[PDB]
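A short worksheet on the structure shown next.
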Amino acid sequence: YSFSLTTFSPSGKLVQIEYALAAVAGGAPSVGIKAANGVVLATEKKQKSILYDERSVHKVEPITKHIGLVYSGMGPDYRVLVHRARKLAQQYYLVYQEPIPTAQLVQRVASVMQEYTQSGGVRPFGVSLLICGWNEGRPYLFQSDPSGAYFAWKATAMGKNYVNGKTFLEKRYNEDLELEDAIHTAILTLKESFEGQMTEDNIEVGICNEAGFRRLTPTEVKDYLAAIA
Amino acid sequence: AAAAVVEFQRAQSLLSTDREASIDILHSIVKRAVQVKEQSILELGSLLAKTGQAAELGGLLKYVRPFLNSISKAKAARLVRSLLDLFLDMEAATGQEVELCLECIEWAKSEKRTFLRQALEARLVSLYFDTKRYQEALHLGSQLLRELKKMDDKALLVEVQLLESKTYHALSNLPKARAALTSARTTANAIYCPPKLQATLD
Amino acid sequence: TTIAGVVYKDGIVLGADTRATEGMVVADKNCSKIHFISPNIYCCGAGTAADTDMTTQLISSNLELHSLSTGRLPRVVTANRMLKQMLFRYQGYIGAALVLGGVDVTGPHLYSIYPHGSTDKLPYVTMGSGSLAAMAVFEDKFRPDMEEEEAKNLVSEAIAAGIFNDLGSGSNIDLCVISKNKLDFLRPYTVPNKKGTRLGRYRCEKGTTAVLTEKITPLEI
Amino acid sequence: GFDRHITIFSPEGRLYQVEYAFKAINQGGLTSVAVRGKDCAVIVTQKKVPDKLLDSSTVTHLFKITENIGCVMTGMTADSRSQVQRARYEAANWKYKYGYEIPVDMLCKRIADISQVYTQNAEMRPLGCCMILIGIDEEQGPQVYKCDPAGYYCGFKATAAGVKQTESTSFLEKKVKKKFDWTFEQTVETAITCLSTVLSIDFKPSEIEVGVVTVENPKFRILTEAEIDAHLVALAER
Amino acid sequence: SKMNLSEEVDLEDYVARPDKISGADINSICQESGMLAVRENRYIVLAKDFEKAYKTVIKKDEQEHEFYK
Amino acid sequence: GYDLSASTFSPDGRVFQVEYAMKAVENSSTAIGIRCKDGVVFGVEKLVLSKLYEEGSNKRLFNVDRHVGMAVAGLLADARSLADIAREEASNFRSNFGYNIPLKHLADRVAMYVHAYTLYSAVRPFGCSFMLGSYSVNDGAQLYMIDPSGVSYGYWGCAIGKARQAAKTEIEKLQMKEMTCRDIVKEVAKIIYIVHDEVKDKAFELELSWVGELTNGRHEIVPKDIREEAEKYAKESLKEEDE
Amino acid sequence: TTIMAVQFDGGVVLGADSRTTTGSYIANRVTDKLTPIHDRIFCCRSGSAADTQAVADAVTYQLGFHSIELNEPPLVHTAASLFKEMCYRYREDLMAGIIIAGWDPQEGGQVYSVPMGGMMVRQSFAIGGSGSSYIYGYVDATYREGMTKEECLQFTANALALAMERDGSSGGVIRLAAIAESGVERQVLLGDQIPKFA
């Protein structure tokens, strides 16, 4: 088409981006909490039946050995965005033989979202991303928005009850947390809105520390759930 | 691995027939892979909980704590809480309970766990009240209240305020037990108050 | 250059020498000629150093992306196909004599990829200037289903033969032993020639070349 | 403003044209069921030939993406054939490029990404067909996956597509609650009886197509009329 | 409490489901379970009866496209 | 969901412009194709709109290849475009692989082209449905039908156009699988004449062809004598039915 | 390089030496010149190893896709046609001769020789490679109509042995492959199973 489908409304707002935000807010809950020694990205991975093999489509995906990424919104849009983020990280490594800094990766994913907001025949991505990373010797948690705007967060939540999750994180969160404690906080925040018994499979969590980002296995998530019950 | 499983079903059969042999085999397994050891610790702790023996299981805590935390699962708070709750549902007033709880709390402090530490401190004030150490119960409860007020959960808060109310009812008459009970009721009015907590309040 | 590889019972062992000669002079003494393609795949490089480096880096990045997509451990067949197809695309102008070797789910594999894109899946390969001597050693004392230590010694002997009997070959020997479980990267495995052990200190006094100008700049920390 | 093309986000999300693609998939009129056992994966599908003039050998919703991967298509038949050709091309390209057979999960990921591009761009429509892929993975066993026109590609233990998708899913749900360790005959019988119960029809060997992949024989085989009749007769006797 | 259930019912499995159903819906579920028991000529309601009644009554399952989440 | 583009789904999940293309298809006169045991026979009820045209002035039977012949129904411009597309597909197949394109493969390729045009809104669906027919010694006699939506289905006897249902009943009243082409030609002429609506169209010509073993797997127009004999058979059948 | 493919009633048999020289040095001593294409079609490669491998992979991809599309086993003539199109289009880029040979249900037992240049011609028996000439006259003398399976195997072994023994650029082991209804059966003549003369 070549004509942008995201245009300013008579009130100076991009209604297309607002509707993408609504689609995101209608997505599955997800929480990201950065501790003193790492970050945790937890998310609701509830299926609609036990037929769904909850081991093939992963809600939390790694993009580099020190960067992981979870989302809230459209699964297919998340897939394309994670693929693009992986490609951007590989290009950065190839140019500079050094793992891409988390800030740069979120910047480039945000640029991709912005150019899909601006381009002609396309639609804004209906996902909000929650990149986590351990570049340098510091943990980074970034939220990237369908508008292409990225915010650094100490801890945040996005999904169905994201306002309630953010209030809960404000009450429960402190700068002195430690990774195994931030995991507890993240699972507790997810439980704050979870509708039903929280099994070790219908939830997914991924940590990111000095060793590198890794998606906790259902066994470890089960142990955390048992400690949190 | 295969030998571990074989001896696990051997312990199950001896649980069915004569529990003592199974319990001894579980101790043998523990003395003797990390999954096998932790699992066997779990079953033998449950068995001691069922049989009512307390000194042996306290010695088990003392023994495991170092190896428990070192071998694997820095989230070993799982096992620590499990064994403490086995004690404390097998309440026996053996005296060693307070020392075990304090040791577990110090281990949690070293591990930097905070909610585990706070839950253990709450049930520790419960133990102090049950063992009549009212002054220590009051001090620890006040510290725990000051922590849980800033870290807002309101549930352990209501529990701790109820324990403080009972302690004041036992010791300092009822110009302070009434105030603590009022604080507990007000804090509980802002949360669901699961049936156990609501019945304790009432 | 002298790179080689041999598949033993439980896996593979790769071995490269250490030297880079820009022309006919020893430019480097500790050049790393074994490149990380994947956790279970390593590739020895020979020929144009930059060309081999960038080829292996590009394929390693492609395989990292592929592994991230799949969720499975990459395969030496995939690595070899990528290398051969790209080297064929660039009409032998991407000069990179490669000895690729890995251990995927389907056992250990060892390929020898040539600059023009031709590949050979052989139990033992040798490439580079000292390839002739290394293959002499392999044909001389290679037998199927070797053990870890004897395969290590065989590759060390082959690379040492290349180093000694070939000009422009390495100083030290680097090895990489890949198995289903371990990925040892012995760098250096040995140092057949260390240095000439310079005699006593012969430095001049403190201050022997004065200056025309001085521009000390106390930059801020 | 515009629920006429995908790229509008009616003002709560709700990609209406993608929902309409799902409605088209249902409107196709047929039903297909897929199950996986301990070592086998099976896909049955209703076969309707309401003419007696149709060859009845070209009326097939079972396709062979590659020698080791099969699929059953539901919904618009033209879109089904187009997506099947795309899947075959992607599988062949993967084999040529990487040197080993494409996994079923990766194939469904490719087709799901293509469908996602259709939903992302406004020029296209999300073609209204549901693909169910079957294969034997070297480590994960009998993989069974299902891709949909929105780009969703979750892998299933047992799924269904078509007009009776919900009832078939409920029946397979009930069956998989208990003793999901199914032999080849058990899983074939489960699929066939699921379809028969949901459609309230006693199946002749004619009006169903069955495709099977087993670990021992990891080659997508379309069972013949005789084999389908043998399975149906055994089902009736039991 | 007014009915006579078999000891194998375990209403907890039915309670712990993600369905927005009213008290009238719960009464309908129990009533249909009793109706199935009468149909099979039994005066004790079984887990089979409750399963069938719940699946017959709470049939709201439709749509909820998976790509929105 | 409007019906102004093929890229738009109806609220019912039904692309309406493809259905309008099909509506345009079922306005052409008629075209039957019967797959005998040793060949395929096409017949078209070519309506001479005016007597000014020459016989064969609007050929709806095209030779897509040596062994493949198509009968079209609908927009003649779109039908000719699809015939050219199929011709170039067959030529490309022969040049690339070196042997005559199988009819099933050619039908699949052309149907996928039709689907390519029914997908997007930058173009419109073809307004013609066609039947392909071929005979080969090693593959038998094959007849396929492709519609504006791009749905290629094999048939033993198929009919497109206005009176497709009437032609379908007339064809069902045959033992096609066991007849010979030399007789299926007469049967096709009879079916054309029966389904033709004299009071509605009046002027009428019958355009026949077959591809079979008697033609060595080659598509040809029916010889004049055979066509005249089949036409006489149809006339006498109509007379007998009237009597 | 030395490659032969000889036809018999009901199938074909292919054979090749296992040498690959980059000059006067044997880069590969046990090369596998025979390359399966789909299931029964095989190609014997000669000339530029890189070009031969690339064209073999491309034709394998094309023929696999074609067979999947047609839902039928590909024809040996079709595989030879693909090879010939590729070679004839890229004559100047490629330096690769090939011998396609195999079995298909329609006209089973086929041998086509696509030399460098890209001309496809069927033959009863086809010869190729650097060592082709040294045995091409011998095979012309010793070939006769009506060869059976094992007699074709012996003929191929003898011809390849002579070519290998008289050709510097050919040597190693003799890899043979018989294709027919049942399928493909491979074998290797290593050191003594290779026939010897004088």
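Residue names in the structure tokens use chain letters A, B, ... in the order shown, residue numbers from 1 in each chain, and ligand numbers from 1 in the order shown.
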Within 10 Å of chain F, which residues belong to chain D? Use only C-alpha atoms and report them as number ranges by chain.
D: 2-6, 16-28, 51-60, 76-82, 85, 122-128
Which residues are near residue 60 in chain E? Cut-off 10 Å, only C-alpha atoms, ignore same chain within fewer than 6 positions. Put them as JSON, numbers by chain.
{"E": [19, 20, 21]}
Any idea what the distance is between CA of residue 90 in chain F and CA of residue 26 in chain F?
27.3 Å
Which residues of chain C come within 8 Å of chain G, and for each one, what is the closest pair of atoms and their distance in Å to one decimal, counting only C-alpha atoms, sorted by chain and residue number, as CSV?
```
residue,atom,partner,partner_atom,distance
C:85,CA,G:54,CA,7.7
C:88,CA,G:50,CA,7.0
C:116,CA,G:50,CA,5.9
C:117,CA,G:50,CA,5.1
C:118,CA,G:50,CA,4.1
C:119,CA,G:50,CA,7.6
C:120,CA,G:28,CA,7.2
C:122,CA,G:28,CA,7.9
```
Just to be explicit: take each residue in the selection above, keep N, CA, C and O atoms, and write the result as a compact mmCIF listing (two decimals), in the first residue's frame.
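Listing of out.txt after writing:
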```
# COMPACT_ATOMS: atom_id res chain seq x y z
N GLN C 85 28.30 -24.20 1.09
CA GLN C 85 27.45 -23.42 0.20
C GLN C 85 27.96 -21.99 0.08
O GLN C 85 27.99 -21.43 -1.03
N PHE C 88 31.19 -21.93 -1.95
CA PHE C 88 30.89 -22.12 -3.37
C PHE C 88 30.27 -20.87 -3.97
O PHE C 88 30.58 -20.50 -5.11
N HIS C 116 36.90 -23.77 -2.60
CA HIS C 116 35.93 -23.76 -3.70
C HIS C 116 34.59 -24.36 -3.31
O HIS C 116 33.66 -24.32 -4.12
N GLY C 117 34.46 -24.91 -2.11
CA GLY C 117 33.20 -25.46 -1.63
C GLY C 117 33.15 -26.97 -1.56
O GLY C 117 32.20 -27.51 -1.00
N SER C 118 34.14 -27.67 -2.12
CA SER C 118 34.15 -29.12 -2.04
C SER C 118 34.41 -29.56 -0.60
O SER C 118 35.25 -28.99 0.09
N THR C 119 33.67 -30.58 -0.16
CA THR C 119 33.78 -31.10 1.19
C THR C 119 34.08 -32.59 1.16
O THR C 119 33.72 -33.29 0.21
N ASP C 120 34.75 -33.06 2.21
CA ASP C 120 35.05 -34.47 2.37
C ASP C 120 34.76 -34.86 3.81
O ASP C 120 35.28 -34.24 4.74
N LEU C 122 35.70 -37.33 6.10
CA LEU C 122 36.70 -38.35 6.33
C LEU C 122 36.91 -38.57 7.82
O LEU C 122 36.70 -37.66 8.63
```
Expected answer as a ChimeraX atom specification: chain D residues within 12 Å of chain E, only C-alpha atoms
/D:9,12-16,18-23,26,112,115-116,119,147-154,163-167,169-171,173-174
Could you write out that same residue set with C-alpha atoms as a PDB file, in the first residue's frame?
```
ATOM      1  CA  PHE D   9      -7.047  -3.092  15.754  1.00  0.00           C
ATOM      2  CA  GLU D  12      -9.957  -3.300  21.947  1.00  0.00           C
ATOM      3  CA  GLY D  13      -7.625  -5.463  19.854  1.00  0.00           C
ATOM      4  CA  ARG D  14      -9.968  -7.972  18.220  1.00  0.00           C
ATOM      5  CA  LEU D  15      -8.473  -8.538  14.782  1.00  0.00           C
ATOM      6  CA  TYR D  16     -11.835  -9.078  13.134  1.00  0.00           C
ATOM      7  CA  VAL D  18      -8.418 -12.950  11.540  1.00  0.00           C
ATOM      8  CA  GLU D  19     -11.526 -13.998  13.465  1.00  0.00           C
ATOM      9  CA  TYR D  20     -13.323 -14.147  10.114  1.00  0.00           C
ATOM     10  CA  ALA D  21     -10.531 -16.368   8.793  1.00  0.00           C
ATOM     11  CA  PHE D  22     -11.245 -18.757  11.665  1.00  0.00           C
ATOM     12  CA  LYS D  23     -14.945 -18.593  10.801  1.00  0.00           C
ATOM     13  CA  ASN D  26     -15.154 -23.660  10.235  1.00  0.00           C
ATOM     14  CA  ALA D 112       2.751 -19.714  11.272  1.00  0.00           C
ATOM     15  CA  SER D 115       0.351 -16.404   8.351  1.00  0.00           C
ATOM     16  CA  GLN D 116       1.488 -13.798  10.877  1.00  0.00           C
ATOM     17  CA  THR D 119      -2.223 -10.714   9.430  1.00  0.00           C
ATOM     18  CA  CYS D 147      -1.126 -24.093  12.759  1.00  0.00           C
ATOM     19  CA  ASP D 148      -3.983 -21.615  12.366  1.00  0.00           C
ATOM     20  CA  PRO D 149      -4.480 -18.536  10.173  1.00  0.00           C
ATOM     21  CA  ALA D 150      -3.539 -16.123  12.977  1.00  0.00           C
ATOM     22  CA  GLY D 151      -0.022 -17.532  13.355  1.00  0.00           C
ATOM     23  CA  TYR D 152      -0.642 -19.746  16.394  1.00  0.00           C
ATOM     24  CA  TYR D 153       1.202 -23.060  16.154  1.00  0.00           C
ATOM     25  CA  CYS D 154       0.982 -24.767  19.554  1.00  0.00           C
ATOM     26  CA  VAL D 163     -17.086 -27.546  12.317  1.00  0.00           C
ATOM     27  CA  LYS D 164     -17.002 -29.896  15.340  1.00  0.00           C
ATOM     28  CA  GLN D 165     -13.629 -28.708  16.635  1.00  0.00           C
ATOM     29  CA  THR D 166     -14.986 -28.005  20.123  1.00  0.00           C
ATOM     30  CA  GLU D 167     -16.778 -31.340  20.521  1.00  0.00           C
ATOM     31  CA  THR D 169     -11.489 -31.433  21.524  1.00  0.00           C
ATOM     32  CA  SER D 170     -13.802 -32.257  24.434  1.00  0.00           C
ATOM     33  CA  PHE D 171     -13.961 -35.949  23.495  1.00  0.00           C
ATOM     34  CA  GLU D 173      -9.862 -34.282  26.400  1.00  0.00           C
ATOM     35  CA  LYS D 174     -11.991 -36.891  28.153  1.00  0.00           C
TER      36      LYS D 174
END
```
Residue set, range 70-236 of chain D restricted to strand (DSSP E), as a ChimeraX atom specification:
/D:70-75,129-137,141-147,158-162,208-214,221-222
Need the shell around residue 130 in chain G: protein/DNA/RNA residues with any atom at most 8 Å away, counting only C-alpha atoms. Skip same-chain ones fewer than 2 positions apart. Format as a VMD selection string?
chain G and resid 1 to 2 46 to 47 128 132 to 133 167 169 to 170
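Shortest atom-to-atom contact with chain D among G:58, G:153, G:12, G:6: G:58, counting only C-alpha atoms.
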Counting only C-alpha atoms, what is within 7 Å of range 84-88 of chain G, bar same-chain residues fewer than 3 positions away, as number ranges by chain?
F: 96; G: 80-81, 91, 94, 114, 117-120
Those same residues - C-alpha atoms - I'd like them written as a PDB file, in the first residue's frame.
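That gives us again26.pdb:
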```pdb
ATOM      1  CA  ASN F  96      12.872 -27.806 -17.339  1.00  0.00           C
TER       2      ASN F  96
ATOM      3  CA  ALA G  80      19.160 -36.376 -16.145  1.00  0.00           C
ATOM      4  CA  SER G  81      17.158 -33.504 -17.634  1.00  0.00           C
ATOM      5  CA  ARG G  91      28.718 -24.396 -19.031  1.00  0.00           C
ATOM      6  CA  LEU G  94      30.928 -25.312 -14.191  1.00  0.00           C
ATOM      7  CA  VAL G 114      25.864 -35.607 -19.250  1.00  0.00           C
ATOM      8  CA  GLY G 117      28.999 -28.965 -21.814  1.00  0.00           C
ATOM      9  CA  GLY G 118      25.608 -30.349 -20.859  1.00  0.00           C
ATOM     10  CA  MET G 119      24.403 -32.789 -23.519  1.00  0.00           C
ATOM     11  CA  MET G 120      22.053 -35.536 -22.332  1.00  0.00           C
TER      12      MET G 120
END
```
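When CA of residue 22 in chain C is paired with CA of residue 110 in chain C, their separation reads 28.8 Å.
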Given only C-alpha atoms, how would the per-residue table for chain G near chain D read, listing every residue at most 12 Å away with its closest atom pair and distance in Å to one decimal, sorted by chain and number, as a Markdown table?
```
| residue | atom | partner | partner_atom | distance |
| --- | --- | --- | --- | --- |
| G:38 | CA | D:67 | CA | 11.2 |
| G:39 | CA | D:67 | CA | 11.4 |
| G:54 | CA | D:96 | CA | 10.7 |
| G:55 | CA | D:96 | CA | 11.8 |
| G:56 | CA | D:96 | CA | 10.9 |
| G:57 | CA | D:96 | CA | 7.2 |
| G:58 | CA | D:96 | CA | 7.6 |
| G:59 | CA | D:96 | CA | 10.0 |
| G:60 | CA | D:96 | CA | 8.2 |
| G:61 | CA | D:96 | CA | 5.9 |
| G:62 | CA | D:92 | CA | 8.4 |
| G:63 | CA | D:92 | CA | 9.9 |
| G:64 | CA | D:92 | CA | 7.3 |
| G:65 | CA | D:92 | CA | 6.1 |
| G:66 | CA | D:92 | CA | 10.0 |
| G:67 | CA | D:66 | CA | 9.7 |
| G:68 | CA | D:66 | CA | 6.6 |
| G:69 | CA | D:85 | CA | 7.9 |
| G:70 | CA | D:64 | CA | 10.7 |
| G:71 | CA | D:64 | CA | 8.2 |
| G:72 | CA | D:64 | CA | 11.5 |
| G:73 | CA | D:67 | CA | 11.7 |
```
Between D:160, D:191, D:228, D:41, which has the minimum distance to chain A (counting only C-alpha atoms)?
D:160
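Near chain E, within 7 Å and using only C-alpha atoms, the residues of chain A are residues 27, 28, 73, 74, 75, 76 and 196 of chain A.
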Output the selection as a short mmCIF file (atom, residue, chain, number, x, y, z; two decimals), in the first residue's frame - C-alpha atoms for each residue.
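For reference, out_2.cif as written:
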```
data_model
loop_
_atom_site.label_atom_id
_atom_site.label_comp_id
_atom_site.auth_asym_id
_atom_site.auth_seq_id
_atom_site.Cartn_x
_atom_site.Cartn_y
_atom_site.Cartn_z
CA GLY A 27 -2.92 -10.31 26.92
CA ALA A 28 -1.65 -12.81 29.44
CA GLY A 73 -0.10 -9.50 23.75
CA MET A 74 -0.21 -11.38 20.45
CA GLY A 75 1.77 -14.61 20.26
CA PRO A 76 2.57 -14.37 16.55
CA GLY A 196 -7.07 -20.94 39.44
#
```
Each residue of chain A lying at most 6 Å from chain D should get a row with its shortest atom-to-atom pair and the distance in Å to one decimal, counting only C-alpha atoms; could you produce that, ordered by chain and increasing number, as a Markdown table?
```
| residue | atom | partner | partner_atom | distance |
| --- | --- | --- | --- | --- |
| A:19 | CA | D:11 | CA | 5.0 |
| A:22 | CA | D:12 | CA | 5.2 |
| A:23 | CA | D:13 | CA | 4.1 |
| A:51 | CA | D:157 | CA | 5.1 |
| A:52 | CA | D:156 | CA | 4.6 |
| A:53 | CA | D:156 | CA | 4.9 |
| A:56 | CA | D:155 | CA | 5.8 |
| A:57 | CA | D:154 | CA | 5.7 |
| A:76 | CA | D:151 | CA | 5.2 |
| A:121 | CA | D:122 | CA | 5.4 |
| A:122 | CA | D:121 | CA | 4.5 |
| A:123 | CA | D:7 | CA | 4.6 |
```
Would you save the residues of that selection, restricted to N, CA and C atoms, as an mmCIF file, in the first residue's frame?
```cif
data_model
loop_
_atom_site.group_PDB
_atom_site.id
_atom_site.type_symbol
_atom_site.label_atom_id
_atom_site.label_comp_id
_atom_site.auth_asym_id
_atom_site.auth_seq_id
_atom_site.Cartn_x
_atom_site.Cartn_y
_atom_site.Cartn_z
ATOM 1 N N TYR A 19 -4.961 1.348 20.289
ATOM 2 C CA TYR A 19 -5.660 0.074 20.170
ATOM 3 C C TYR A 19 -4.690 -1.094 20.294
ATOM 4 N N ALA A 22 -4.357 -1.502 23.878
ATOM 5 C CA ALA A 22 -5.497 -2.241 24.414
ATOM 6 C C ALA A 22 -5.340 -3.739 24.175
ATOM 7 N N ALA A 23 -4.888 -4.117 22.979
ATOM 8 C CA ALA A 23 -4.646 -5.528 22.693
ATOM 9 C C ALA A 23 -3.592 -6.100 23.631
ATOM 10 N N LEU A 51 -4.693 -30.942 26.377
ATOM 11 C CA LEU A 51 -4.248 -31.350 25.050
ATOM 12 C C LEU A 51 -3.055 -30.521 24.601
ATOM 13 N N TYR A 52 -3.079 -29.222 24.886
ATOM 14 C CA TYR A 52 -2.011 -28.328 24.463
ATOM 15 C C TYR A 52 -0.704 -28.741 25.121
ATOM 16 N N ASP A 53 0.242 -29.230 24.329
ATOM 17 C CA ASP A 53 1.544 -29.628 24.852
ATOM 18 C C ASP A 53 2.296 -28.371 25.257
ATOM 19 N N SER A 56 6.209 -26.908 23.733
ATOM 20 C CA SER A 56 6.597 -26.600 22.364
ATOM 21 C C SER A 56 6.648 -25.100 22.103
ATOM 22 N N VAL A 57 5.597 -24.378 22.473
ATOM 23 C CA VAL A 57 5.564 -22.924 22.381
ATOM 24 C C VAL A 57 5.923 -22.372 23.750
ATOM 25 N N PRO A 76 1.852 -14.472 17.834
ATOM 26 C CA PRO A 76 2.568 -14.366 16.550
ATOM 27 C C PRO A 76 3.418 -13.110 16.429
ATOM 28 N N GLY A 121 1.790 -0.266 4.753
ATOM 29 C CA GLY A 121 0.733 -1.256 4.708
ATOM 30 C C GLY A 121 0.675 -2.163 5.916
ATOM 31 N N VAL A 122 1.293 -1.750 7.020
ATOM 32 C CA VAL A 122 1.486 -2.641 8.158
ATOM 33 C C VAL A 122 0.675 -2.178 9.359
ATOM 34 N N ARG A 123 0.739 -2.963 10.430
ATOM 35 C CA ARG A 123 0.016 -2.793 11.674
ATOM 36 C C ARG A 123 0.997 -2.710 12.838
#
```
Which of range 11-188 of chain C fall in alpha helix (DSSP H), as number ranges by chain:
C: 49-70, 76-89, 131-141, 148-165
Please provide as a PyMOL selection string all residues within 8 Å of range 194-204 of chain D, with the sequence filter that same-chain residues fewer than 3 positions apart are discarded (counting only C-alpha atoms).
chain D and resi 31-33+44-46+164+167-168+171-172+190-191+207-208+229+232
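Residue nearest residue 58 in chain E within the list E:25, E:13, E:3, E:8: E:25 [criterion: smallest interatomic distance, only C-alpha atoms].
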